[PDB]
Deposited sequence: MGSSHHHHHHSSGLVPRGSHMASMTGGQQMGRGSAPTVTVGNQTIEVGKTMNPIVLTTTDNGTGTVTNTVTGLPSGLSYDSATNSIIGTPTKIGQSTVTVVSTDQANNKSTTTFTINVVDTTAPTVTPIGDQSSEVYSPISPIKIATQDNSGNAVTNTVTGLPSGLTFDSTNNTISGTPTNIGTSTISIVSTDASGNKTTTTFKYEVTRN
């Protein structure tokens, strides 16, 4: 058997090393974030860009006899964004609130979209600065729900209670 197909790895995570097995290997075309460890004949590191790369191994044996393999690594994003926790909130009706920042992070290098719902009346969400602000118009309790989506469509849902008094 010869192994064909993608070698699939997760962007922004430290990969399981890929062992090269049958000698001197010469590896090229590696994505940023990865390189080749002679001493373990392993490709290791953490890839930073989503996409496919075609990697070339030229191997030389003890008599300097040349050989060539190439294969594809596929760097994917299948992990959801993270969101800094937001505690339960309380403020007085008719008073402008201190803005609440939704801080998000993602294993991809990239921007995250937040969809916010269940907001107390009078309050609003600004997608440019990703903050909740405004002036509550009703007393009562709300559950504020945030769906954060990375560029590859992975979603996280975060909730917190808003209490207006």
Please give the gaps, as residue ranges numbered from 1 in the deposited sequence, where no C-alpha is present. 1-36, 59-65, 209-210
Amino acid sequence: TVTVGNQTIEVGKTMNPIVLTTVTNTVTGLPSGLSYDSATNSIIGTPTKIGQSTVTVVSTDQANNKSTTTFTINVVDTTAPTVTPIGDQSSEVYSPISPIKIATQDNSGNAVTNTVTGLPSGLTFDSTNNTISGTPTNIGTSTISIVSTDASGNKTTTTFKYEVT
From here on, numbers count along this sequence of modelled residues.
Between 63-71 and 128-136, name whichever shows the higher mean Cα B factor according to the PDB entry. 63-71
Determine which member of 144, 11, 23, 147 has the highest CA B-factor, using the values in the deposited entry. 23
Could you say whether, by C-alpha temperature factor, residue 84 belongs to the lowest, middle or highest third of its chain? lowest
Hey, what third does residue 109 fall into on Cα B-factor, ranked over its chain? highest
Per the entry's values, where does residue 28 land by CA temperature factor relative to the rest of its chain, in the lowest, middle or highest third? middle
Would you mind checking where the Cα B-factor of residue 46 ranks among the modelled residues of its chain, as the lowest, middle or highest third? lowest
Can you work out whether the C-alpha temperature factor of residue 165 puts it in the lowest, middle or highest third of the chain? highest
